[PDB]
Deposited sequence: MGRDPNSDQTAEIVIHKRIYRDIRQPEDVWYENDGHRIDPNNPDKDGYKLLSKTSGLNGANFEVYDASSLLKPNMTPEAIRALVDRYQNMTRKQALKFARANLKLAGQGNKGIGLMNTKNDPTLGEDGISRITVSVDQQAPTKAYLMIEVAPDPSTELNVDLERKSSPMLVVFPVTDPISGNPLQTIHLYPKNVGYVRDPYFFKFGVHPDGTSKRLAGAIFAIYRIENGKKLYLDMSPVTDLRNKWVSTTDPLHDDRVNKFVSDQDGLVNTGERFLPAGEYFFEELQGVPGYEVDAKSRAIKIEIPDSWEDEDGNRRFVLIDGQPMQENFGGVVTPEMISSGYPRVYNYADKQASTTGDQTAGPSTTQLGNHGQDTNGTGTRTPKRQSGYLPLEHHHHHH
């Protein structure tokens, strides 16, 4: 009789649309009883939410049937680009609902993605109706935001110049690029938009003048900052493409694969071996700029 749309927006968060995620959707109406309380409903939703995906799949595969018109078939959803909203990570399913009494429900569980990412989605039990606070009315479209976590870090350093008389200063106008090594070849961090919380890398004959290659310029505080750009675990290099006049190099970036070690202690990004202070979210603060560490010293005296 009546139908509703469930829309998954699968995105990547750091503790962003992710294509190729897969979900199975089961008719869960049999988990419901007539004249259930809202409290009983919330208790049943929490029970399924607190199961692992594997646990919920053992229960659903054995006992329930796929249901709903998904893009991969009955009960089958794959995340893709949505031209209608120009956003990635989108999958829509049409399901049979009862907007007047809680008698229809769907259990949605992520399965293996299409052939550095924590897939943290939970089993999601959608019990209709879902009442719109704003309007009173039952919702006709449910938007779900299953959680995926990408691990990224935020390298920066300060460029200082040292005079032969031992005076020193922050250097403005040094131009850097970032490269990594793959099969004995340099790939440079490009200007392409991030997809799946992952960067694009280009081979170039001339990184300084190649518009594809992202450049990072030292500012009036000496700061060379990735800024909005981030990197995942591994080893990278800031390469000086144009030195500051009078102070005319690869600076190694070592990114650990986790914020904390087995004992809870911070694992630092190392800049040419120096531990780099960092906050969650990666913003270089005014206090960090005052500190001006880690510092790379460029010598005037040839």
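Q: Numbered from 1 along the deposited sequence, what ranges are absent from the coordinates?
A: Absent from the structure are positions 1-7, 23-54, 155-160, 294-298, 353-400.
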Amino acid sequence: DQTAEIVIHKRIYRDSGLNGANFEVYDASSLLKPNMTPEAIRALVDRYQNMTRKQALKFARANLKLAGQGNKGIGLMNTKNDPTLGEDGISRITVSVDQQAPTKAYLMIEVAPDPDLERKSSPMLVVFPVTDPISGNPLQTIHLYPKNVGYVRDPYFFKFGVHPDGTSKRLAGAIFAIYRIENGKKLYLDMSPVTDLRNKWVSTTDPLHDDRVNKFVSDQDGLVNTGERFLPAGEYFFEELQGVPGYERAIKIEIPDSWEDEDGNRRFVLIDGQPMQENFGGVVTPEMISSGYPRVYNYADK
From here on, numbers count along this sequence of modelled residues.
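Q: Comparing 132-140 with 185-193, which has the greater mean CA B-factor as deposited?
A: Result of the comparison: 132-140.
Q: Higher average CA B factor in the deposited record is what I'm after, so tell me if that's 164-172 or 95-103.
A: Looking at the recorded C-alpha B-factors, 95-103 comes out higher on average.
Q: At the C-alpha atoms, which of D261, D272, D27, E240 reaches the highest B-factor in this entry?
A: In the PDB entry, the greatest C-alpha B-factor among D261, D272, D27, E240 is found at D261.
Q: According to the Cα B-factor stored in this entry, which of the following is highest: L85, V152, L76, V217?
A: The C-alpha B-factor peaks, among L85, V152, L76, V217, at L85.
Q: Please rank the C-alpha B-factors of the chain's modelled residues and tell me whether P123 sits in the lowest, middle or highest third.
A: Lowest third - that is where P123 ends up once the chain's C-alpha B-factors are sorted.
Q: Comparing against every modelled residue in the chain, figure out the third that the C-alpha B-factor of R249 lands in (lowest, middle or highest).
A: As the PDB entry reports it, the C-alpha B-factor of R249 lands in the highest third of its chain.
Q: Taking the chain's C-alpha temperature factors as the reference, tell me which third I178 falls into: lowest, middle or highest.
A: Lowest third.
Q: Considering only modelled residues of the same chain, in which third does the CA B-factor of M36 rank: lowest, middle or highest?
A: Within its chain, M36 is a highest-third residue by C-alpha B-factor, going by the deposited values.
Q: Please place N148 in the lowest, middle or highest third of its chain according to the CA B-factor in the PDB entry.
A: Within its chain, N148 is a middle-third residue by C-alpha B-factor, going by the deposited values.
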